[PDB]
Every structure is written in structure tokens, then in C-alpha cells.
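K.L.:
Before I ask anything, let me first share the structure, which is written out below as C-alpha cells.
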Amino acid sequence: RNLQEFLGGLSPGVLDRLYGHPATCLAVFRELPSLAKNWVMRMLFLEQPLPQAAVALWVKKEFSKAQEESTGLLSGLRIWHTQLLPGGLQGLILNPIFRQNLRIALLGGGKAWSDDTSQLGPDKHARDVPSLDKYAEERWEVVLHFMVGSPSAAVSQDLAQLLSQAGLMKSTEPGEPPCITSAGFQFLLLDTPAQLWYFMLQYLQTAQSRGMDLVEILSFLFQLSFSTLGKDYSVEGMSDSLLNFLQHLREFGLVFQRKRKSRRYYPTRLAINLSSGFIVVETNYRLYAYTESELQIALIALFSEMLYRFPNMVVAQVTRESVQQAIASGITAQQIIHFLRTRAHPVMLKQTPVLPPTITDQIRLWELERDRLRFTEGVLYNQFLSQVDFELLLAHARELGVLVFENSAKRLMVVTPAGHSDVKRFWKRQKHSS
Amino acid sequence: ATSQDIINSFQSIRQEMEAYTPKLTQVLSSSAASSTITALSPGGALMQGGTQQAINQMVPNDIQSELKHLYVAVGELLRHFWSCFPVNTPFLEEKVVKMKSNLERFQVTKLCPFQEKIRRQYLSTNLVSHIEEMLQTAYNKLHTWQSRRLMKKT
């Protein structure tokens, strides 16, 4: 799910409170479509609502579908609201709080998002951007290894409970480590920013369980998204619960902090992209990956056969058997294609499309092999003496919604096993009434 | 352009922008935005939507055929006039005068009843204006050439 889908399902009060922070308004604005952004900018300095027809006349007739989609999205996000214009007309005006906060974030005003940074002076134990990136990568690899279950990764029990609630891994027997399900494999195959966003959404959906303010967490996350890389910020000025949440971020590698009591924290590149190549693919079904970490090697080996492992290179061959095994593990072909496209080497970016069509088509065809046969358990009826009697029973089954397949030519029909009892009673009752 | 007042204005603006501070409220106002939208709204000054609304069906085609005939006649007469121009021989001098007389007679005979019919039907289009512009231009050119001819004899 995207950010807009999550925001649209929130209550109007939550949306109104979210707009109170300038950082949140910018994040919402940058998620809007291109047409919506122009409307927002035009209505930035309007103190009066505009007629719906007047706004509708800005876009041409052919692009009316996009206009309707953008208007519906804006209404769902509650950026603007309909006003009863005098004379029976309907006026459209942006939310005053959201508009004011957006203007403050753009034009200026109020206090800065962060409290201050020069009060404590220079950092005694400051790091560098490559060091922060390495720390974030190490944390993410540790998390993904703990998803696999290797003993090399040791995380807090709360993280394991969160993963269990996320459905990636289930602890059937207490004490023993949880077993990763098919959804866990699908999530592991997902891209790193996508994995971060999914994890954050799962956290937010269960945020109320810990008694934490959703609005504050969202505002802090959006503020972190727009933060400048390599620059620290003051921990002070935040509620304790948020601080606890920040600790979880320290576990996830999004935010670097030397000590729990330290007043400084350095956002990482992963945190920046939270709001939103080394693999070469050849026409002979060969992958040449410029990677060294065991994570990428395992990910590639999930859907391909490894051949050679040079110290800075991995040569693998994509075969039918490997792709079939990966699909049987629960990973779909679209996920594999998206993973290959995301990790595509910059050299392949010249090609249009980046991945050769033959390989993607072959992978999709290999995916279609598994679902060649379709299975539907049910009960077969073939003892219809009269067409009219068959029609009535078929209509009753369709009313019950338990029909699976019908053949009026030969008076043949199939119903679900659960609905067989109702059909049997109905057929017996009709004969009794006869 | 002007005197040292230009340098004085340059120094004044240099001093004024020497101490420059960004502003937010003064940049735009609700009244200014509303006026700009009204100007840019359909039917506004920049968005003039009329532009001869139904000129395809305005000024009925009976008049349109007559207008096209007048256009063809004026074009032919002006083509003859400009072919005569420039006048390099005394023979052409009388020919241009005859062409001017024919133009005036044609105007009085056709355009004046045409103008009367347009005024009676109150057509909003200035169809006659372009025809007058070409005829006025031709008359001005002929008058200028005659003035030059008089000056050459001085």
C-alpha cells in the first residue's frame, strides 16, 4: 500500500491534526498527482472558495478523467472541502490549517522543525556519510538475517513480536524461533525502500496497540524524510514515547545515535527515502552481479542457479528449474522482474527497456506453468429429468452464490461442497411441494 | 536617453536594493489573486471567448457570397493598380487615374449599399473595415506618388 491509501482510511480529525506540522504538509503535497499540485499552488493565496464548474473548466474535456481522479483524491485526503456558496452554488476552498502550514513551510514563518544544533557545539564523536551508510546497511542486513533465522543476528524480542504480527514469521511452538512463511519470502524479495515502507505501515497499523500517538510518529517520520544527510539534530523537544520509537529506529538503522542518552542523532540515506545497480542480465539467461554481501548472493540464488563466485563478482544462470522452485516457494514472476529492474546495472539502463523482453517473457511463461491446471472441489449434478426443473435449481444455486460451473446444453452444474446441503434441501423441498 | 537623471535613478535603485530583505505577505494578496484568476478565467480579458462566436453562421451566407464577390473585385482592381505601378511612362499616369475612378465608382455602387445593409442588420463584424483599409492604403499610396511627381517637377 502507498501513503495515500493509508491516509485516506484515517478519520478527519487525524488528517486535520497531521496538517498542523509543516513537514507533513510537504510530504502530502509531493505525493499528489501533477494536476493536483497545480491546483494546490493556484489556490494557495485564495481566501474565497471557487465554484466547482470554474475549477472543472481549467482542464480540457479529453482529460476530464484525470481531473475527476485528482479531485476525488484531494477530497479523500481532505486537503480542500466543499463550501455552500451563497445562491445555491458549491464553493471549493483548501483547508486553512493545511494552507497556512504549507505557506509557512514554503514562504517561511514560525520556528524551525528542529529545536537547535549549535547549542551543544560540534559533535565529539561525529561520523561520516560513508560510515552512516555502512552502519545502515549492516543494520538492515542483520534484520534480514534475523528474518532468515541465522544465529549471527540477535535482535530485541519486541522486533520478533512485530515480525510475528506482520505475518512474515510465525512462532508455532513457544521458545523455538519462528518459521518464516511464504509472505516472509515475498517481503524478503521486495526492494529495500519498499521493505522499509511496508515495515513502517505495519508499525503504524499496530501503533495504537502500544498507546503511541500516530500523528506525532507520522510528523517525526516526515521531518526525518526531509532532513539533510550528514547533519545531526536535537533529540530534545520530543515526547518520551516518540523517543522510545526513535530507539526502534536506532535498531532499524534509519537513525544513527551513539548512545541512548545522547542528544544528537544523524539521519541516514535510508530515512530520507522512507517517504517515497550491480546486476547485468544477458540474453543467454546469465546474471553477472557486482556484489559481495551474502544478502544479495542469497537473494539471487533464491531464483537462479549459481555458477561462479569471484571475490567481487557472481555469475549465475537463470534456468527453468530454478524459477519453478522459486515460484513454488511463493515468489511471483512480477516480483522477480521488478527486483531485476531495480538492481539493474547502469550499463543496461541505455537499453529500452532496461531488461531484454525475451528474458522477462520467458520468466512469465515459466510462471504460467504452475497454474496450468485449475482445481475446484465440488459436487456434480447430472440427474436432471426436465430442463425447466434444471433451470429452477440452477437459478436457486446462483442466488445462493455457490455455483462453480454450469452447462445448460447438457443440464450439468457444479456447486461448492458447503452449498451442497442447501441445494439438496431445496431440491427435496420442491419435489415435496410437487 | 535623458540627462544625468538616469545615473541618479541608477544610484537610487542601487542604494534601495543594497539593503534588501525578502517578504512574504507583500508578494501576493487575496484581492490580487482573485483579480488574476478572473482575468485568466474563461471569458476574461486574456481569455476572451467570443472571437466571432458564430461567424460561420453569423452574417448570413447570402451576404457572405456578396462579400466574397466584392473581395474578388477589389483584389482584381488593386492587382491592376499595382501592375500599373510604378508609373515610368506618361501613358500609365492616366491609367492609374482611371483605375482610381473605377475604384471609387465601385465603392459607391456596392460598398455603400453593403454598409447600409450591414447597419440595417446590425452585424457586429467589421467586414467593411478590411476593405476600407486596402482602399485607403491604395488611395494614400497614389496621393503620395502624385506628391512625389509634383515635387520632381519643382
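Chain identifiers are assigned as A, B, and so on, following the order in which chains appear in the C-alpha cells; residues are numbered from 1 within each chain, and ligands are numbered from 1 in order of appearance.
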Which chain A residues have any atom within 7 Å of an atom of chain B, and for each, what is the nearest pair of atoms with distance in Å to one decimal, counting only C-alpha atoms, rows sorted by chain and number, as JSON lines?
P.N.:
```
{"residue": "A:45", "atom": "CA", "partner": "B:30", "partner_atom": "CA", "distance": 5.8}
{"residue": "A:46", "atom": "CA", "partner": "B:30", "partner_atom": "CA", "distance": 5.4}
{"residue": "A:47", "atom": "CA", "partner": "B:30", "partner_atom": "CA", "distance": 5.9}
{"residue": "A:107", "atom": "CA", "partner": "B:24", "partner_atom": "CA", "distance": 6.2}
```
K.L.:
DSSP on the backbone, strand (DSSP E or B) only: what residues of range 303-363 of chain A does that give? Format it as a list in words.
P.N.:
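Residues of range 303-363 of chain A classed as strand (DSSP E or B): residues 305, 306, 307, 308, 309, 310, 313, 314, 315, 316, 317 and 344 of chain A.
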K.L.:
When you draw a straight line from CA of residue 189 in chain A to CA of residue 336 in chain A, how long is it in Å?
P.N.:
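Result for CA of residue 189 in chain A versus CA of residue 336 in chain A: 7.6 Å, one decimal.
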K.L.:
Give me the residues near range 93-101 of chain B as a ChimeraX atom specification, where near means some atom within 12 Å (using only C-alpha atoms) and where sequence neighbours in that chain fewer than 2 positions away do not count.
P.N.:
/B:74,76-91,103-108,135-136,138-143,145-146,149
K.L.:
Which residues come within 10 Å of residue 113 in chain A, counting only C-alpha atoms, excluding same-chain residues fewer than 4 positions away, as a VMD selection string?
P.N.:
chain A and resid 21 to 23 105 220 223 to 224 227 233
K.L.:
Got time to write the residues from that selection, N, CA and C atoms, as a PDB file, in the first residue's frame?
P.N.:
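Writing done, so here's part01.pdb:
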```pdb
ATOM      1  N   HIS A  21       1.659  20.178  11.171  1.00  0.00           N
ATOM      2  CA  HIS A  21       3.113  20.203  11.096  1.00  0.00           C
ATOM      3  C   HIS A  21       3.543  20.556   9.683  1.00  0.00           C
ATOM      4  N   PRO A  22       4.428  21.540   9.500  1.00  0.00           N
ATOM      5  CA  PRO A  22       4.821  21.929   8.135  1.00  0.00           C
ATOM      6  C   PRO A  22       5.450  20.804   7.332  1.00  0.00           C
ATOM      7  N   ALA A  23       6.218  19.921   7.974  1.00  0.00           N
ATOM      8  CA  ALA A  23       6.859  18.833   7.244  1.00  0.00           C
ATOM      9  C   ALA A  23       5.829  17.876   6.659  1.00  0.00           C
ATOM     10  N   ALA A 105       5.874  26.453   5.468  1.00  0.00           N
ATOM     11  CA  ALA A 105       6.951  25.570   5.034  1.00  0.00           C
ATOM     12  C   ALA A 105       7.611  26.081   3.759  1.00  0.00           C
ATOM     13  N   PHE A 220       7.078  13.159  12.928  1.00  0.00           N
ATOM     14  CA  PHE A 220       8.511  12.972  13.122  1.00  0.00           C
ATOM     15  C   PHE A 220       9.136  12.229  11.949  1.00  0.00           C
ATOM     16  N   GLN A 223       9.423  14.614   9.069  1.00  0.00           N
ATOM     17  CA  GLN A 223      10.524  15.535   9.326  1.00  0.00           C
ATOM     18  C   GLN A 223      11.868  14.870   9.059  1.00  0.00           C
ATOM     19  N   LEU A 224      12.009  13.602   9.450  1.00  0.00           N
ATOM     20  CA  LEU A 224      13.234  12.868   9.148  1.00  0.00           C
ATOM     21  C   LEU A 224      13.424  12.686   7.650  1.00  0.00           C
ATOM     22  N   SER A 227      15.054  15.649   6.190  1.00  0.00           N
ATOM     23  CA  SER A 227      16.282  16.051   6.859  1.00  0.00           C
ATOM     24  C   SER A 227      17.474  15.945   5.915  1.00  0.00           C
ATOM     25  N   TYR A 233      20.664  16.465  14.608  1.00  0.00           N
ATOM     26  CA  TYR A 233      19.556  17.258  15.116  1.00  0.00           C
ATOM     27  C   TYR A 233      19.383  16.978  16.602  1.00  0.00           C
TER      28      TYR A 233
END
```
K.L.:
Write out as a VMD selection string the residues lying within 12 Å of range 403-410 of chain A, counting only C-alpha atoms and excluding same-chain residues fewer than 4 positions away.
P.N.:
chain A and resid 375 to 399 414 to 420 422 to 423
K.L.:
Would you save the residues of that selection, restricted to C-alpha atoms, as a JSON list (two decimals), in the first residue's frame?
P.N.:
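Contents of selection_18.json, as written:
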```
[["chain", "number", "residue", "atom", "x", "y", "z"],
["A", 375, "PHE", "CA", -8.76, -27.33, -9.12],
["A", 376, "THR", "CA", -12.20, -26.69, -7.62],
["A", 377, "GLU", "CA", -13.73, -29.19, -5.20],
["A", 378, "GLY", "CA", -17.48, -29.56, -5.53],
["A", 379, "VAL", "CA", -20.46, -31.80, -6.19],
["A", 380, "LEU", "CA", -21.64, -32.67, -9.70],
["A", 381, "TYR", "CA", -25.34, -32.82, -10.60],
["A", 382, "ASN", "CA", -26.31, -34.76, -13.72],
["A", 383, "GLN", "CA", -29.71, -36.31, -12.88],
["A", 384, "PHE", "CA", -31.97, -33.56, -14.25],
["A", 385, "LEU", "CA", -35.05, -35.12, -15.85],
["A", 386, "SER", "CA", -36.55, -31.84, -17.11],
["A", 387, "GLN", "CA", -34.95, -28.67, -18.46],
["A", 388, "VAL", "CA", -37.40, -26.49, -16.51],
["A", 389, "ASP", "CA", -36.52, -28.30, -13.27],
["A", 390, "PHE", "CA", -32.83, -27.80, -14.08],
["A", 391, "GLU", "CA", -33.36, -24.08, -14.69],
["A", 392, "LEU", "CA", -35.05, -23.53, -11.31],
["A", 393, "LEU", "CA", -32.33, -25.37, -9.39],
["A", 394, "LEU", "CA", -29.61, -23.51, -11.30],
["A", 395, "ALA", "CA", -31.30, -20.19, -10.50],
["A", 396, "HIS", "CA", -31.51, -21.15, -6.82],
["A", 397, "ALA", "CA", -27.83, -22.11, -6.79],
["A", 398, "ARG", "CA", -26.86, -18.82, -8.45],
["A", 399, "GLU", "CA", -28.95, -16.98, -5.85],
["A", 414, "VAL", "CA", -21.39, -27.92, -10.06],
["A", 415, "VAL", "CA", -21.84, -26.38, -6.61],
["A", 416, "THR", "CA", -19.47, -25.81, -3.72],
["A", 417, "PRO", "CA", -19.32, -28.53, -1.03],
["A", 418, "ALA", "CA", -20.60, -26.10, 1.61],
["A", 419, "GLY", "CA", -23.62, -25.16, -0.51],
["A", 420, "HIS", "CA", -24.43, -28.75, -1.43],
["A", 422, "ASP", "CA", -28.76, -26.12, 0.82],
["A", 423, "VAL", "CA", -29.19, -27.26, -2.79]]
```
